[PDB]
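Here's coords.tsv, which has TSV, C-alpha atoms and all ligand atoms:
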```
chain	number	residue	atom	x	y	z
H	63	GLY	CA	4.12	-106.94	19.11
H	64	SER	CA	6.18	-109.95	18.10
H	65	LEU	CA	8.03	-112.66	19.97
H	66	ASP	CA	10.76	-114.79	18.33
H	67	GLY	CA	9.55	-118.40	18.73
H	68	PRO	CA	8.48	-120.90	19.90
H	69	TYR	CA	11.55	-123.04	19.31
H	70	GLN	CA	11.38	-126.74	20.20
H	71	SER	CA	13.62	-128.28	22.87
H	72	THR	CA	17.21	-128.60	21.66
H	73	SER	CA	20.91	-128.24	22.45
H	74	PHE	CA	22.84	-125.19	21.23
H	75	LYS	CA	25.05	-122.23	22.19
H	76	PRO	CA	22.79	-119.19	22.53
H	77	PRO	CA	24.26	-115.97	21.20
H	78	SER	CA	25.19	-113.34	23.76
H	79	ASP	CA	22.67	-110.55	24.42
H	80	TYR	CA	19.59	-112.68	23.81
H	81	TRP	CA	17.27	-113.84	26.59
H	82	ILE	CA	16.01	-117.41	26.40
H	83	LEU	CA	12.42	-117.35	27.68
H	84	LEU	CA	11.57	-120.83	28.93
H	85	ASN	CA	8.01	-122.20	28.69
H	86	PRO	CA	7.67	-125.57	30.48
H	87	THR	CA	4.51	-127.64	30.82
H	88	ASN	CA	5.41	-130.54	33.14
H	89	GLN	CA	9.14	-131.10	32.52
H	90	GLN	CA	11.21	-131.68	35.67
H	91	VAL	CA	14.57	-130.45	34.37
H	92	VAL	CA	14.00	-127.29	32.33
H	93	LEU	CA	17.50	-126.23	31.33
H	94	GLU	CA	21.09	-127.44	31.65
H	95	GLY	CA	23.92	-125.07	30.80
H	96	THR	CA	27.69	-125.52	30.90
H	97	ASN	CA	30.98	-124.42	29.37
H	98	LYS	CA	32.81	-127.35	31.01
H	99	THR	CA	35.21	-124.97	32.75
H	100	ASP	CA	33.53	-122.85	35.42
H	101	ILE	CA	29.77	-122.85	34.82
H	102	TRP	CA	27.31	-125.71	35.41
H	103	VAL	CA	23.74	-124.45	35.85
H	104	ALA	CA	20.44	-126.30	35.84
H	105	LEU	CA	16.85	-125.23	36.47
H	106	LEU	CA	14.46	-127.69	38.16
H	107	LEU	CA	10.71	-127.12	38.18
H	108	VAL	CA	8.58	-128.03	41.21
H	109	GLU	CA	4.78	-127.77	41.21
H	110	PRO	CA	2.66	-126.19	44.00
H	111	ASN	CA	2.08	-127.78	47.43
H	112	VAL	CA	4.83	-130.40	47.50
H	113	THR	CA	6.28	-131.63	50.83
H	114	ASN	CA	9.48	-133.65	51.22
H	115	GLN	CA	9.26	-135.43	47.84
H	116	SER	CA	12.16	-137.57	46.65
H	117	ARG	CA	12.51	-137.23	42.88
H	118	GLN	CA	14.99	-138.09	40.17
H	119	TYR	CA	16.71	-135.56	37.89
H	120	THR	CA	19.41	-136.16	35.29
H	121	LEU	CA	21.90	-133.30	35.09
H	122	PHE	CA	24.81	-133.31	32.63
H	123	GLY	CA	24.66	-137.08	32.20
H	124	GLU	CA	24.53	-137.69	35.93
H	125	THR	CA	21.28	-139.10	37.27
H	126	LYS	CA	20.65	-137.65	40.75
H	127	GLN	CA	18.22	-138.15	43.62
H	128	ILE	CA	16.99	-134.79	44.95
H	129	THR	CA	14.28	-134.23	47.54
H	130	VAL	CA	12.15	-131.13	46.96
H	131	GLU	CA	9.71	-128.97	48.87
H	132	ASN	CA	7.34	-126.24	47.73
H	133	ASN	CA	4.89	-125.19	50.43
H	134	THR	CA	3.35	-122.41	48.32
H	135	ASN	CA	0.49	-122.20	45.80
H	136	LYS	CA	2.98	-121.03	43.14
H	137	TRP	CA	5.53	-122.98	41.11
H	138	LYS	CA	9.23	-122.90	41.94
H	139	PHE	CA	12.29	-123.00	39.72
H	140	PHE	CA	15.33	-124.23	41.64
H	141	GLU	CA	18.65	-122.99	40.21
H	142	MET	CA	21.27	-125.71	40.78
H	143	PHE	CA	24.91	-124.74	40.37
H	144	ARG	CA	28.52	-125.88	40.52
H	145	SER	CA	31.89	-124.56	39.36
H	146	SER	CA	33.71	-127.81	38.55
H	147	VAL	CA	32.79	-131.18	37.12
H	148	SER	CA	33.53	-133.27	40.22
H	149	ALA	CA	31.75	-130.99	42.71
H	150	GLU	CA	28.27	-131.45	44.21
H	151	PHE	CA	25.35	-129.46	42.81
H	152	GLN	CA	24.20	-126.78	45.25
H	153	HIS	CA	20.87	-124.99	45.33
H	154	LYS	CA	21.96	-121.44	44.52
H	155	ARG	CA	18.79	-119.39	43.89
H	156	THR	CA	14.99	-119.79	43.59
H	157	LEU	CA	12.26	-118.25	41.44
H	158	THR	CA	8.71	-118.51	42.79
H	159	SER	CA	6.22	-118.02	40.01
H	160	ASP	CA	2.59	-118.31	39.00
H	161	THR	CA	3.46	-117.82	35.31
H	162	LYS	CA	5.77	-120.84	34.96
H	163	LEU	CA	8.25	-118.86	32.87
H	164	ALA	CA	11.99	-118.52	33.46
H	165	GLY	CA	14.92	-117.03	31.60
H	166	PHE	CA	18.57	-117.49	30.68
H	167	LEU	CA	20.98	-114.86	29.30
H	168	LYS	CA	24.67	-114.70	28.33
H	169	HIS	CA	25.99	-111.12	28.66
H	170	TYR	CA	29.39	-109.47	29.20
H	171	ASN	CA	31.13	-111.69	31.76
H	172	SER	CA	28.13	-113.53	33.20
H	173	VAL	CA	25.18	-115.85	32.85
H	174	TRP	CA	21.93	-114.25	34.09
H	175	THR	CA	18.78	-115.84	35.51
H	176	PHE	CA	15.64	-114.60	37.32
H	177	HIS	CA	15.00	-115.03	41.06
H	178	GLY	CA	12.54	-113.79	43.65
H	179	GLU	CA	8.77	-114.00	43.51
H	180	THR	CA	6.39	-112.91	40.78
H	181	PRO	CA	5.23	-110.30	39.98
H	182	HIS	CA	8.48	-108.75	41.28
H	183	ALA	CA	11.15	-111.18	40.00
H	184	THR	CA	14.56	-109.67	39.25
H	185	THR	CA	17.84	-110.66	37.59
H	186	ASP	CA	21.12	-111.91	39.11
H	187	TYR	CA	24.33	-113.35	37.69
H	188	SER	CA	27.13	-115.91	37.86
H	189	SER	CA	30.42	-114.72	36.40
H	190	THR	CA	32.63	-116.73	34.06
H	191	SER	CA	35.91	-116.34	32.17
H	192	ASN	CA	34.60	-118.55	29.36
H	193	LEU	CA	31.16	-117.16	28.47
H	194	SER	CA	31.29	-117.97	24.75
H	195	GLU	CA	31.46	-121.71	25.33
H	196	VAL	CA	28.35	-121.95	27.53
H	197	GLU	CA	26.02	-124.41	25.80
H	198	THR	CA	22.40	-124.93	26.90
H	199	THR	CA	20.30	-128.07	26.67
H	200	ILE	CA	16.77	-126.76	26.73
H	201	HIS	CA	14.11	-129.28	27.69
H	202	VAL	CA	11.15	-127.09	26.88
H	203	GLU	CA	9.63	-124.84	24.24
H	204	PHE	CA	11.31	-121.45	24.33
H	205	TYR	CA	11.41	-117.93	22.90
H	206	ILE	CA	14.28	-115.55	22.11
H	207	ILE	CA	14.24	-111.88	23.22
H	208	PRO	CA	17.00	-109.36	22.54
H	209	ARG	CA	18.57	-107.73	25.61
H	210	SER	CA	17.48	-104.37	24.17
H	211	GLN	CA	13.96	-105.61	24.98
H	212	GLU	CA	14.76	-107.00	28.42
H	213	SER	CA	11.87	-105.03	29.93
H	214	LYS	CA	9.49	-107.13	27.79
H	215	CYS	CA	11.14	-110.32	29.03
H	216	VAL	CA	10.75	-109.12	32.63
H	217	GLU	CA	7.05	-108.45	31.95
H	218	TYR	CA	6.58	-111.99	30.60
H	219	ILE	CA	8.37	-113.52	33.62
H	220	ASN	CA	6.20	-111.55	36.01
H	221	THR	CA	2.75	-111.56	34.36
H	222	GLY	CA	2.89	-114.21	31.61
H	223	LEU	CA	2.67	-114.53	27.84
H	301	LIG	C1	22.54	-101.71	36.41
H	301	LIG	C2	22.31	-102.53	35.13
H	301	LIG	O1	22.39	-102.00	34.03
H	301	LIG	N1	22.00	-103.83	35.33
H	301	LIG	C3	21.75	-104.75	34.21
H	301	LIG	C4	22.96	-105.63	34.00
H	301	LIG	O2	24.00	-104.78	33.56
H	301	LIG	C5	25.29	-105.40	33.48
H	301	LIG	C6	26.04	-104.75	32.31
H	301	LIG	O3	25.93	-103.33	32.47
H	301	LIG	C7	27.52	-105.19	32.31
H	301	LIG	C8	28.30	-104.48	31.20
H	301	LIG	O4	27.62	-104.63	29.95
H	301	LIG	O5	28.15	-104.88	33.58
H	301	LIG	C9	27.48	-105.64	34.61
H	301	LIG	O6	28.15	-105.52	35.86
H	301	LIG	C10	29.32	-106.39	35.97
H	301	LIG	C11	30.44	-105.62	36.65
H	301	LIG	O7	30.83	-104.51	35.82
H	301	LIG	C12	31.64	-106.53	36.90
H	301	LIG	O8	32.66	-105.83	37.68
H	301	LIG	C13	31.19	-107.74	37.68
H	301	LIG	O9	32.29	-108.63	37.86
H	301	LIG	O10	30.18	-108.43	36.95
H	301	LIG	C14	29.02	-107.61	36.84
H	301	LIG	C15	27.97	-108.54	36.24
H	301	LIG	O11	28.32	-108.84	34.88
H	301	LIG	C16	26.04	-105.14	34.77
H	301	LIG	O12	25.43	-105.85	35.88
H	301	LIG	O13	22.71	-106.55	32.95
H	301	LIG	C17	21.69	-107.47	33.34
H	301	LIG	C18	21.56	-108.54	32.23
H	301	LIG	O14	20.92	-107.99	31.07
H	301	LIG	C19	20.38	-106.71	33.53
H	301	LIG	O15	19.37	-107.61	34.03
H	301	LIG	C20	20.54	-105.59	34.54
H	301	LIG	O16	19.36	-104.78	34.43
H	301	LIG	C21	18.86	-104.15	35.62
H	301	LIG	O17	18.11	-105.16	36.36
H	301	LIG	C22	17.66	-104.59	37.63
H	301	LIG	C23	17.01	-105.67	38.50
H	301	LIG	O18	17.83	-106.84	38.48
H	301	LIG	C24	16.65	-103.46	37.37
H	301	LIG	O19	15.49	-103.99	36.69
H	301	LIG	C25	17.30	-102.40	36.49
H	301	LIG	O20	16.30	-101.44	36.12
H	301	LIG	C26	17.88	-103.04	35.23
H	301	LIG	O21	18.59	-102.03	34.47
H	301	LIG	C27	17.85	-101.54	33.33
H	301	LIG	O22	17.85	-102.50	32.23
H	301	LIG	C28	19.20	-102.77	31.76
H	301	LIG	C29	19.13	-103.83	30.65
H	301	LIG	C30	19.86	-101.50	31.21
H	301	LIG	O23	19.13	-100.99	30.07
H	301	LIG	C31	19.89	-100.46	32.32
H	301	LIG	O24	20.40	-99.23	31.77
H	301	LIG	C32	18.49	-100.22	32.86
H	301	LIG	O25	18.55	-99.29	33.96
```

Rewritten as structure tokens:
Amino acid sequence: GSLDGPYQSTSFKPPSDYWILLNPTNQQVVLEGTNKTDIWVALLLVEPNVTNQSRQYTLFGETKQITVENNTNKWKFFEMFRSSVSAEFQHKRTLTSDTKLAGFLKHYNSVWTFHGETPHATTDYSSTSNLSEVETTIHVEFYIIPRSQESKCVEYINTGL
């Protein structure tokens, strides 16, 4: 079949009903997304077998010190989240993965991401009253997949390109 992409790293407002399939190599911050009203979401990537490692990540213009741990042989995407500009970032969800792929979707009233552990990763959401204004800074090569082909995106997440 066909897959729309790759697109190079960039900043833009993805249309609703299209998955962004993220394809990092060694980037530390993979994606930043915000509408500046009730959604701030960032995905951090941590390699296998890391214990208590203090690292630096810049999120939405704010350079942060975050200590990370990954005691598995798989990679981990950490989903960092907050609902207002002056709040602390909290670790909201995790995706444990041997494919190194993650996703981002705007649909209906929510932003969707993947969580869990491959090859059985699943989707979950954060709701918003201002979906249309969510802009994503994507730090990696990426692909676009229509929501009508979400099952293909799930396959990629779980077993790879
Ligand atoms: C059950 C389902 O369809 N889940 C999919 C989810 O659907 C959202 C939409 O239906 C949306 C309306 O367009 O409503 C969302 O629910 C709202 C509530 O109505 C609202 O009150 C509350 O405040 O906010 C929630 C969240 O917005 C539905 O959740 O869309 C997801 C994003 O595309 C999609 O991932 C999810 O798909 C299901 O995922 C689970 C595992 O997470 C399983 O794989 C299911 O098999 C899968 O559903 C299947 O694919 C979807 C795309 C659709 O074709 C289904 O018919 C199909 O069974």

Which residues are close to stretch 123-129 of chain H, i.e. within 10 Å by only C-alpha atoms, leaving aside same-chain residues fewer than 3 positions away? Reply as a short mmCIF file (atom, residue, chain, number, x, y, z; two decimals) with C-alpha atoms, in the frame of the given file.
```
data_model
loop_
_atom_site.label_atom_id
_atom_site.label_comp_id
_atom_site.auth_asym_id
_atom_site.auth_seq_id
_atom_site.Cartn_x
_atom_site.Cartn_y
_atom_site.Cartn_z
CA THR H 113 6.28 -131.63 50.83
CA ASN H 114 9.48 -133.65 51.22
CA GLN H 115 9.26 -135.43 47.84
CA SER H 116 12.16 -137.57 46.65
CA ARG H 117 12.51 -137.23 42.88
CA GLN H 118 14.99 -138.09 40.17
CA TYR H 119 16.71 -135.56 37.89
CA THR H 120 19.41 -136.16 35.29
CA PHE H 151 25.35 -129.46 42.81
#
```

- Which of H:190, H:90, H:134, H:184 sits closest to residue H:170 [using all atoms listed in the file]: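 For residue H:170, the nearest of the candidates is H:190.
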
- Closest to residue H:168 among H:78, H:152, H:192, H:135, using only C-alpha atoms? H:78

- Message: Ranking H:214, H:169, H:98, H:201 by minimum distance to ligand LIG 301 (chain H) and counting only C-alpha atoms and all ligand atoms, which one comes first?
- Response: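 Closest to ligand LIG 301 (chain H) of all the choices is H:169.
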
- Item | Protein and nucleic acid residues within 8 Å of ligand LIG 301 (chain H) (only C-alpha atoms and all ligand atoms) as a list in words | residues 79, 167, 168, 169, 170, 171, 172, 173, 174, 184, 185, 186, 187, 188, 189, 209, 210, 211, 212 and 213 of chain H

- Skip residue H:140 itself and residues of its chain fewer than 3 positions away, then list as a ChimeraX atom specification all residues within 7 Å of it, counting only C-alpha atoms. /H:105-107,153,155-157

Put a box with edges along x, y and z around all the listed atoms of stretch 165-175 of chain H, pad it by 6 Å on each side, then give me its centre and sizes in Å, one decimal, as AutoDock Vina command-line options.
```
--center_x 23.0 --center_y -113.5 --center_z 31.9 --size_x 28.2 --size_y 20.0 --size_z 19.2
```

- Between H:161, H:64, H:194, H:111, smallest distance to residue H:87 by only C-alpha atoms belongs to H:161

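Counting all atoms listed in the file, residue H:67 has the following residues at most 12 Å away, ignoring those fewer than 5 positions along the same chain: residues 81, 82, 83, 84, 85, 203, 204, 205, 206 and 207 of chain H.
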
Expected file contents, prior selection, C-alpha atoms, as an mmCIF file, keeping the file's coordinate frame:
```cif
data_model
loop_
_atom_site.group_PDB
_atom_site.id
_atom_site.type_symbol
_atom_site.label_atom_id
_atom_site.label_comp_id
_atom_site.auth_asym_id
_atom_site.auth_seq_id
_atom_site.Cartn_x
_atom_site.Cartn_y
_atom_site.Cartn_z
ATOM 1 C CA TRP H 81 17.270 -113.840 26.590
ATOM 2 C CA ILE H 82 16.010 -117.410 26.400
ATOM 3 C CA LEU H 83 12.420 -117.350 27.680
ATOM 4 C CA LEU H 84 11.570 -120.830 28.930
ATOM 5 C CA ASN H 85 8.010 -122.200 28.690
ATOM 6 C CA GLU H 203 9.630 -124.840 24.240
ATOM 7 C CA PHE H 204 11.310 -121.450 24.330
ATOM 8 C CA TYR H 205 11.410 -117.930 22.900
ATOM 9 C CA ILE H 206 14.280 -115.550 22.110
ATOM 10 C CA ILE H 207 14.240 -111.880 23.220
#
```

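Between atom CA of residue H:137 and atom CA of residue H:223 the separation is 16.0 Å.
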